[PDB]
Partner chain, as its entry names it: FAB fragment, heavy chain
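This document opens with one chain alone, in structure tokens, the form solved without its partner chain.
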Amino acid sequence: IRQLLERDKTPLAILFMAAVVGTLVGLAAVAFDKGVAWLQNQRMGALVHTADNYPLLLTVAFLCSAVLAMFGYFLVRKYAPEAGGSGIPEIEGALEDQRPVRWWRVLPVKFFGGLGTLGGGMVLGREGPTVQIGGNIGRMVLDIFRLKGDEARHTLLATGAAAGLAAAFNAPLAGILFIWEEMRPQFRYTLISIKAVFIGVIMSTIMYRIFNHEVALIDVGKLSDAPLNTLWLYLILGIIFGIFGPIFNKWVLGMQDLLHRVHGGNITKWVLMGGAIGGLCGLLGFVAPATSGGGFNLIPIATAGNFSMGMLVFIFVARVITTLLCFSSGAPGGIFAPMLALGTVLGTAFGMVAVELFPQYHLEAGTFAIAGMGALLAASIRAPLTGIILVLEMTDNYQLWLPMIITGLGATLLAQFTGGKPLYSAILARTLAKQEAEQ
């Protein structure tokens, strides 16, 4: 039993409080999806009404995406600037007791704002929203029960975060790990109940399962094992990911600055630029579907081997551009799921080349797709084990655990020894830097 491995006392009331967080964050995530689904579906509704007139069809594809995104960007800047971006480094800073948790503002704004952006088909994941909404719900039940002390504050906050990520990806184990590998700080120690995190996670996960009729987010089928002879090829894949991750990080950070210059703070300009980017991804959604959107659409396609090498390269470059654009603009939305799609494409690409260059081996291109899927998470987020267990939980391919660990180990060691840093930490340090420039 895993239950025996964690017989460490935490107050019971707090545990009960965690199940409340879990259930609420569960419902939150679920309702969020249905909002996103509904909007993407209303958007298609217009595109069918105008299948007659082509230029108008594009112009509506642009405007509906623009008007939705503009709504998002506005809420954030009018009512809750910290709801911009992922909001994972906010929750990280809150766990450092260095950032507030203004749930009364962040709750409606992150929810409807992401509903805007993700409803528009912007290249943004639901992770940022569900973790930040989650953590903030944690703080919310804490404040309602007027609960006391660091242990309650940190535990319920991390429960909200863990359950949030669990619910995004029907992946309970990822949720737990993600707290202990990335979200908590070290050398500035904290008090987090494993049992509570487990409990919240378990409760949000079943929420997903109840409202999502027995379906995988990613159906990749079953794929072949990885021969021993092959194992070294996964280390080369990883080394590539270890060089690219830190470069992407700089690109992510640099693009936050570069885009800031366009509006220089101004709400109207910011919303307008946001609307441009908003609208653009809705256009791209119709004309080149794999360059825009979330990324779950193309992952099963690319894994089966249904794209071509030339097409893979097109998608990679195009998605790097639209991810850096949608996210660094500071819309409510995550970079996490975008990193899964980019990793899968890069991984699949590596497959195709490996298959031909080594015809003696017995290679499936799709097994390099899966090992890459979590390898940008190892190289940029610098949370390898989460990526791995996440990918393992979402794809169900448990036979690939060793090639995947080799890819991740390679990614992180190369990411460290080229002087990159955790993307969420770098974003937070930048936030704390601005806050410590007015003191």
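Residue numbers count along the first chain shown, from 1.
There is also a form deposited with its partner chain bound; it is not shown, and the following applies to it.
Only one of these stretches, 355 to 363, 334 to 342, 315 to 323, 69 to 77, has heavy atoms within 4.5 Å of its partner chain in the bound PDB entry; which one is it? After filtering at 4.5 Å, what remains is 355 to 363.
To verify the annotation, which of these, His213, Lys148, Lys250, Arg261, has a non-hydrogen atom within 4.5 Å of its partner chain in the bound PDB entry? The residue in contact is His213.
Which listed residue (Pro81, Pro108, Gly254, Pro227) meets the criterion of a heavy atom within 4.5 Å of its partner chain in the bound PDB entry? That would be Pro227.
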